[PDB]
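A single chain, nothing else alongside it, follows as structure tokens in the form deposited in one PDB entry.
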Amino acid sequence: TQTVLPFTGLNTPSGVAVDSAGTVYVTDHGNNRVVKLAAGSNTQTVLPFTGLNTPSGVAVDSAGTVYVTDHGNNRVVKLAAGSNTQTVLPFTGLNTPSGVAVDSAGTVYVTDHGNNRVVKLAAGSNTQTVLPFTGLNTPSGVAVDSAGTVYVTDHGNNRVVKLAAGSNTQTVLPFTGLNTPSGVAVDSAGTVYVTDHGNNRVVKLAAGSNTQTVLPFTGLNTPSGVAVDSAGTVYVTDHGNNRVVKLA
């Protein structure tokens, strides 16, 4: 049984993320803002980002710092926890950052939609590293697990790829029948979840498995972002329906 979250006033929402407290963050892309809801509350909070233009992905780190990708201004911005200071991360050469993820060490991973690459920047660094994915076509969703394995939605090629921590060669995950997929997420068991945008469904694949499961969402309409919390609850931005839904 899915539950609709009590967000209000969303338009064409994009990324979703969930922090360790169960607080859910949504990129309300059509309104150039990020909104959050705490577990159990009915009051949503608009975050103090300024100057966003066509945001898409959102991530939240351990300390509560929020990262958002911004298509108009072609940048990734950080909203500092507490101070609420907004800074632009010093990525270089982006053409339209799509997805963002942050790992336990504060390293920020971004999909570079126009340049068919994934780039990462450690905390406070002026060195960005291009990850050795190959043959991507308009990558969008990205996620990183506690091991450092990176998962990328290769949107143009209707597939999901991973680069395991330690490896130099990507693996194509054995998802089947995806169509223009968008968001991706990974839980602490290594189960991967993907928004199969073009077939209105969310699909999941347990670690080391070859058999995917279709999650029992209903009435999704062109879904976009996906996230999973520490209890296994899956959150999907139901983009075409201007809402966010969750499934325990």
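For the two forms, the rigid core is made up of the largest set of C-alpha atoms that agree within 1.5 Å on superposition. We number the residues from 1 along the sequence you see.
**Item:** Stretch exceeding the other in mean C-alpha B-factor - 162-170, 90-98
**Value:** It is 162-170 that shows the higher mean C-alpha B-factor.
**Message:** Highest mean C-alpha temperature factor of the two stretches 119-127 and 151-159, which is it?
**Reply:** So the stretch with the higher mean C-alpha B-factor is 119-127.
**Message:** Looking at the C-alpha B-factor values in the deposited entry, which of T191, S41, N221, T69 comes out highest?
**Reply:** The C-alpha B-factor peaks, among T191, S41, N221, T69, at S41.
**Request:** Would you mind checking which of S230, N11, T23, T237 has the top Cα temperature factor in the PDB entry?
**Result:** By C-alpha B-factor in the record, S230 ranks first.
**Item:** Chain thirds of CA B-factor: placement of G177
**Value:** Highest third - that is where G177 ends up once the chain's C-alpha B-factors are sorted.
**Asked** According to the PDB entry, is the CA B factor of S56 in the bottom, middle or top third of its chain, that is, lowest, middle or highest?
**Response** Lowest third - that is where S56 ends up once the chain's C-alpha B-factors are sorted.
**Among modelled residues of the same chain, the CA temperature factor third for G198** = Its C-alpha B-factor belongs to the middle third of this chain's values.
**Message:** Quick check on the deposited entry: does the C-alpha B-factor of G82 sit in the lowest, middle or highest third of its chain?
**Reply:** Highest third, going by the recorded CA B-factors of the chain.
**Asked** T138's Cα B-factor: lowest, middle or highest third of the chain?
**Response** For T138, the deposited C-alpha B-factor lands in the middle third.
The form deposited in another entry exists for this protein as well; it is not shown, and the discussion that follows is about that form.
**Request:** After fitting the rigid core, tell me which of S167, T176, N137, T134 has its Cα displaced by at least 2 Å between the shown form and the other one.
**Result:** Among the listed residues, the outlier is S167.
**Message:** Quick check on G124: with the core superposed, does its CA move 2 angstroms or more between the shown form and the other one?
**Reply:** For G124, whose C-alpha is compared between the shown form and the other one after core superposition, the shift is less than 2 Å.
**Item:** Post core alignment: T107 C-alpha displaced by 2 Å or more between the shown form and the other one
**Value:** Result for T107: no, shift under 2 Å.
**Large Cα move at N157 between the shown form and the other one, threshold 2 Å, rigid core** = Moves: no, less than 2 Å.
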